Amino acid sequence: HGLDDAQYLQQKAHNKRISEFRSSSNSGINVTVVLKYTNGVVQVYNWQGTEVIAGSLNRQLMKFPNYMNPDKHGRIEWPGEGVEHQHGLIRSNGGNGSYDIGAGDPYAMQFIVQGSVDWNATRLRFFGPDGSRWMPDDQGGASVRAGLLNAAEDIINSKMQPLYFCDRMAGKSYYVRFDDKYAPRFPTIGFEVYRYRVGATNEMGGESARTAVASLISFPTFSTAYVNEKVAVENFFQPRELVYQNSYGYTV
């Protein structure tokens, strides 16, 4: 020895760089919403950002198919799951002529956050299909006069499960069923995710204001629907090195 210590060190320096770079304010943080349907389809929305990642999905995007991801025949609605159906979700007995639950009404979601993130600061907000603020403990959806838009329960960090990649925690995942218990049966969502900062300077304001504001919407949002989770994982999540928890509880 040591014949190849230089090659070894270079590989180590490469591994260190790539792993620690996640801490840079100029690396990416990822937020993925994965919607699950009773036919096995998963619909994926993936947002990226540097300092802040914020977004929402209304019922038009929570359902499948939709204008973003039509079905194989190019349809953005299914018979009996169109406007009349949506009206029956907005208001109890306010519908006409539709399936009671849509094949395209998701039954659960996985919310995955990855990167060097201020985990404690993550907000995930649930609303009813009409935009009413939904709260836990079965009080129903709140009106606009009574609705607290920033509730204690939006802070989901403690319920998120750590997802590891090699020896580091790469992200966290929250799995929830849409059953009117821990989330609405027909929810819409908003979320905010924030960069973990390694110093005290506020990079969302001051000399950083211009780029902070621009960064909110200057990264494309990826979306598609996959026939099943198996295909989604091999063709999207794995190659992007995005951690994901599968239907069996395993990190993949």
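All residue numbers refer to positions in the sequence shown, first residue = 1.
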Fill in the blank from the handout: Of 130-138 and 71-79, the stretch with the higher mean C-alpha B-factor in the deposited entry is 130-138
Exercise for the section: Between 174-182 and 116-124, name whichever shows the higher mean Cα B factor according to the PDB entry. Expected result: 174-182
Practice task
Check the PDB entry and point out which of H85, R91, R168, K159 has the largest C-alpha temperature factor.
Solution key: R168
Exercise for the section: From the list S25, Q11, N228, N235, select the residue with the highest C-alpha B factor recorded in the entry. Expected result: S25
Fill in the blank from the handout: Chain thirds by Cα B factor, record data; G205 belongs to the highest
Handout entry: Third of the chain's Cα B-factor distribution that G102 belongs to, per the entry
Key = middle
Handout entry: Entry-reported Cα temperature factor of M109, expressed as the chain third it lands in
Key = lowest
